[PDB]
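Sharing a structure with you now.
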Amino acid sequence: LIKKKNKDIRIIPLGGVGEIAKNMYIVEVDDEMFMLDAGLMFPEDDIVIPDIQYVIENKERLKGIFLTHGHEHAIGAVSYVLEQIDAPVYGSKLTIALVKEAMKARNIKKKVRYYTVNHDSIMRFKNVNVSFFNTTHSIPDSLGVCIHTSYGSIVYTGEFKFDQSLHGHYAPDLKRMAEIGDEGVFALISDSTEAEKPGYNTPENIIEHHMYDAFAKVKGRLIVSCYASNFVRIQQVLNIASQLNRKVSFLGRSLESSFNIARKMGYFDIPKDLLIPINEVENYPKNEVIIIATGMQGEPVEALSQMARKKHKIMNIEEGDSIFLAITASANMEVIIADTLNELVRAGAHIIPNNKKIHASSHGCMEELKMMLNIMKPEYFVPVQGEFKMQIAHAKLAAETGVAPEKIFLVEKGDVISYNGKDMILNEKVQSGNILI
Ligand SMILES: [Mn+2]
């Protein structure tokens, strides 16, 4: 609910537009400033982070940092932000955990005010109240942010999907979303990542079923390559390993921090004595182990090339091994997969083929996005989290749902959307850019 009569709204993207990552969206209501996410981008073509010079010059007015989910595209730059500025950090139980770990990992001694929020939390400020709602993503406890103004709600979806099989901390708040919609949404800021792809995602249970049928035929050792970010896909192989009386080992010699924190907080459903350390692998027959190679940048692929070319520090591929790629390939990574496949074949490994009829994504396709648009019914729309072609795609979806085209804004980094109370205008441009580290 609303506090006072507001005058000025400003919306400034410093990251996540005209590119696919580095989420950072500034929202101002009068004299108060809020930062929605603080992602990094893995330089394609270490890391890249947004230019926050605009924020620093107006540091006095930054009331909070709001973090939608635990991925590096949301919270990857937070440590670097907190070095230059002191503001309170708001996020879910899991998101705060992962941020704190990033701070511990960088040996940063700065004292930080962390506020754990949930879909029942309602954070109060001078000009506005902020609420939250659960979304569906590849990681549990993902939140949408709802900034309540006199003009209506400013909603930032974060990254989201709509899957009728995900039903835990992965489940969405369709009633809280419908209520936000009818109370009236002034502005919607939504994920455009798969806005070009017609229809829907393949449901996760369908993907799991096809993985099961594939893995059940494997007579030898099985190695699965995954993104560490994709908690669902990891949960899926744990389920399958258990039903096939196989045991699971990650690449060594300890367990991946994100996975291991979430595991210790009870986010994974793991039976007893299912994980064996990589040091205990040799003891078991080849057909009783599933090895999972996780990573972030695209190492998941690199690791298999190093396992094929003998040449892995820990463990190498043997003839009769089965390989499965439980990832979704960026066009930048299509060639290195084809090299790796060749080397896998030479080393005499069986390639479990991906079903081409399956579409796996953390992000909603056209119909999923239209779903959020139909629910929200925003007056103004700002498609983000995509390149220019993706933003356009999302805009056409919005126009179809009945948002006025005059009220849809396609913006670049540093663009400033202002609302006087009469007209919404793109009238300014501020300092923005890419800081490589
Ligand atoms: Mn994500």
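Quick note: numbers on chain A are straight from Swiss-Prot, i.e. 3-47, 53-444, in order.
The header says X-ray crystallography, 3.2 Å.
Each Cβ is built from the backbone N, Cα and C atoms, and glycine gets one as well.
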With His76, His78, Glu166 listed by Swiss-Prot as binding Zn(2+), identify the candidate in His126, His144, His216, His217 belonging to that site.
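Zn(2+) site check in Swiss-Prot: besides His76, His78, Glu166, the record includes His144 out of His126, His144, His216, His217.
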State which of the following binding-site residues has the fewest other Cβ atoms within 10 Å around its Cβ: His78, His144, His366, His370.
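Fewest other Cβ atoms within 10 Å, among the binding-site residues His78, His144, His366, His370, is found for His366.
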Roughly how many angstrom lie between the C-alpha atoms of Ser368 (substrate binding site) and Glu166 (Zn(2+) binding site)?
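Just about 11 Å between their Cα atoms.
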Of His78, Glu166, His366, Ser368, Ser369, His370, which binding-site residues come close to ligand 1, meaning Cβ under 6 Å from one of its atoms?
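The ones that qualify, in sequence order, are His78, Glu166, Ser369.
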Enter the number of other CB atoms within 10 angstroms of the CB of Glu166 (Zn(2+) binding site).
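Result for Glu166 (Zn(2+) binding site): 27 neighbouring Cβ atoms inside 10 Å.
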Same chain only, sequence gap of 6 or more: which residues have a CB within under 8 Å of the CB of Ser369 (substrate binding site)?
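Residues satisfying the criterion: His144, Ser145, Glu166, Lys168, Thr200, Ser236, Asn237.
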List the residues in the vicinity of the substrate site, defined as same-chain residues other than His366, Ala367, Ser368, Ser369, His370 with C-beta within 8 angstroms of the site's C-beta centre.
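After dropping the recorded site residues, what remains is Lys168, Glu201, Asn208, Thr335, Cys372.
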Filter the binding-site residues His366, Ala367, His370 down to those whose C-alpha lies within 10 angstroms of the C-alpha of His76 (Zn(2+) binding site); answer none if the list is empty.
none
